[PDB]
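Input: a single structure, listed below in structure tokens.
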Ligand SMILES: [Zn+2]
């Protein structure tokens, strides 16, 4: 749903890396493997976490029962 | 079961242990499968050698002498196959050692001439590894198999 | 259990006569002397020290009895009834090694008192015993019930207000002995 | 003390004590393998191995047999001591290299 | 005591499908009728064709335990030593005989004249090889 | 063997040390012991992490237990030596003390932003406090801690960890108790973003290889591993330490005959990354110490029959 905090296998913090990773692909126009490297994700353990994350939460958030649409 | 008559029956009549042979044709129903067959072909291969340290460790890891099979209250081992330049035991010796520690001591070792599923050609010229030979409880030739 | 009862009773029951007590001592040392004479040979043989529960049980009772009533076992001369001086030592140094297997608190108190009375010297045997311990074997599955059974004394003091008062005429508190 | 940690398995320990089996609670391969490595360096040890009955009971079984100069319990102690000393050597060496680095 | 020795010359060294063991075929240099087949841990004792190996079978060396301070035995005189069992004897012809040894699975077949192999019995034996 | 013989032969090489990761070799040590350190570093070196989370309110889209879980994964920059262990046999009142426990609070409400640049997608300008970060965990000192931790406030090691997201009207309100624990119990306590080793490469060539073979052979290993010498024109090994052991050589038929691939066999190349609380070297030291105490604690326990 939202970025996981740690990599499942490494233990390495990964949750601070989602918003920047998107900005790398978007703004700096890098490919995925270059951007992952720039964020320090070396082990394929860790590259997998950010490479394949689906920010499904951003869908959930569009249904907010506490505001007049 | 809730009373000693039923206990006695479940431990002596319907218990797993007897039921090695089926009553249909009188053949085995219990055996090892998959990993254990593949493992056996490898462990009992002529290419298989073990140092004193490894040999003793394989033995103790599988014997569980702290059981009802106090056939001795001391684990027995064989002398190594290769004495010099370096003490080495073969895989076939691990098997002989196993049987030696779990069969009755007041009773001669098993004698079997059998065959396995792998043709001699697969090992190379002059091989006899298809022939399974147990003499006095020792595996002297052949690998162990699904058969 | 009886042996615990027996020892607790002799110790506590105020209305007992010197001779009824000596009677129980005379039974115990007698029965004990025989045990050691007929059985010590079985210790270095096959089995454990549990084979001798009953020995320790009786030796406990007798030791316990000596704690509460040692002042009685000195006859007019100043000699010991039942040769307690010579007798205790013999058991203490035997192969059964009572000191190791009986209740710890009694064996300790017996040591203290026996040593004080020039009756026996156990304290080095105790030292040796709990040294060998840090570094004569008994399962402990069943070794505990015994330690349990040897800890219970059915006539240790009462805690019921009235009954206690009523018993006083019939009771020897430790402070009294 | 703590009496529940290590116990003798009296049904596989000989009269002369030159052979014995111990069951240690709360220990796996970590200590077991390291301890048998050390023990087997003792020249009076004729046999030694460890095993783990089951991955689900925290138990470690060590077997020691000696050639008769020391008891099995002795070998266990020398092994344990040897192991401690061995760690010291490592700690000290590592320290020096960090300093010198 | 010693039961058999001879200098053999190796014909073939076949690694089969293994990579620590090789099957050796070799003929005696002293008897025209004496030949040999032997599995060898060639990682511990490499052998090439045309090598000449001295091969000894002995009943004892003058139970096993790691070498100690100043142990001396027949093994000292050789490079490679194995312990094993004789498990089969056979008549090959009116004159010649073959004995079969197993060393924990590594197999030896020694064929020779029935007088040349007289001392070999169906017992255990040590095998000693030196280059 | 002998402990002195070991001392003379054992050796350490420190390739790179840093505040987060260490790369170093242990040379001439037995695999059983290298493995011990490795296991211990991952699973038995204590750390501080959130264990109990007390919610007073959470009307976000993320469920309590899940939120609690992530907070537990946040690596707290706390020296575990500054804390004593909790005794889990006491009631809750007695259980948590100023030597036992660290308290974190979290208190966010999301409101709508009036001054949003009309036609905006960014939730920073659309909403106030839409995004909740680990840095938003406030450290609330208890008792003596106002003093003890005055020189080192409790801060997550990775401030920018995304913890939750909200929309107008939703609030989160929680206190967390953070205590000592070990990785073997739960991985949130593991102090590593991983400690592991590899055995050192040994590439030994079984006969000279030169000319066009040398160039070919050289390309089966990463850049810099295999060198081609000028003069003999033959290939040689520059540094095995850069090799990844892909076994690529063994594919090409011409070479599979002429190379054995091995290790300098005990020789262990360790790589230790810290989750952020302690330095690598501290974590490795602590493990070498932990192993020694196991041996020491055991030597001093009486063997019960
Ligand atoms: Zn990862």
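Cβ: placed from backbone, ideal geometry, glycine included. Neighbour counts: every protein chain shown. Only the coordinates and a few stated rules stand behind these numbers; no lab work does.
Listing for the model above:
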read-out	value
Stokes-Einstein diffusion coefficient of chain C, Kirkwood radius over Cα pairs, 4 °C, 1.567 mPa s, in µm²/s	76
Size descriptor, Kirkwood hydrodynamic radius, that averages inverse alpha-carbon separations across chain D, Å	14.7
Ranked D:99, E:88, F:118, criterion: other C-beta atoms within 10 Å, fewest first	F:118, D:99, E:88
Distance between modelled label sites at residue F:257 and residue F:85, nm, 7 Å Cα→Cβ extension	6.2
Hydrodynamic radius by Kirkwood, which averages 1/r over all alpha carbon pairs of chain F, in angstrom	23.8
Efficiency of FRET between residue B:20 and residue D:59 - r from beta-carbon atoms, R0 22 angstrom, step 0.05	0.15
Partner chain coverage, peptide F:159-166 - average Cβ within 10 angstrom	6
Folded to 0 to 90 degrees: helix F:31-43 orientation relative to chain F principal axis, Cα	20
Estimated [θ] at 222 nm from DSSP helical runs (n ≥ 4, -39500 (n - 2.57)) normalised by residues in the protein assembly as shown, nearest 500	-9000 deg cm²/dmol
Residue list for segment D:64-91, given a label point 7 angstrom along the Cα-to-Cβ vector of residue B:74 and an amide N cut-off under 17 Å	D:64-75
Most mobile of B:54, B:93, B:34 in a GNM of chain B (Cα contacts under 10 Å)	B:34
Cβ-Cβ FRET estimate between residue D:101 and residue B:30, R0 fixed at 45 Å, reported to 0.05	0.15
For A:49, D:101, order by how many other beta-carbon atoms lie within 10 Å, fewest first	D:101, A:49
FRET E, pair residue B:64, residue F:64, Förster distance 56 Å, beta-carbon r, rounded to 0.05	0.75
Proportion of all alpha-carbon pairs of the protein assembly as shown beyond 50 Å (%)	48
Cβ neighbours within 10 Å from other chains - mean over E:107-115	1
Where labels lie 7 Å past Cα in the beta-carbon direction, separation of residue C:177 and residue F:236 in nm	9.2
20 Å cut-off, amide nitrogen to a point 7 angstrom out along residue F:99 Cα→Cβ, residues in segment F:119-143	F:141-143
Relative intensity, log₁₀ I(q)/I(0), of chain E from a Debye sum that treats every alpha carbon as a point, q = 0.11 Å⁻¹	-0.38
Mean-position separation - Cα centroids, segment E:16-31 and segment F:259-288, in angstrom	45
Separation of the residue C:2 and residue F:118 label points, Cα + 7 Å toward Cβ, nm	10.8
D_trans [Stokes-Einstein, Kirkwood Rh over alpha-carbon pairs] for segment F:47-187, 20 °C, 1.002 mPa s, µm² s⁻¹	131
Cα gyration tensor, segment B:57-147 - rounded (a/c under 1.5), prolate or oblate	prolate
GNM result for chain B, Cα springs below 10 Å: residue of B:29, B:132, B:102 fluctuating most strongly	B:29
Dimensionless Rg over Rh [segment A:1-66; C-alpha; Kirkwood]	1.03
Footprinting exposure proxy for F:85, B:89 (fewest neighbouring C-beta atoms within 10 Å first)	F:85, B:89
20 Å reach of a label modelled at residue E:89, 7 Å along Cα-to-Cβ, counting backbone N of segment E:96-118	E:96-103, E:108-118
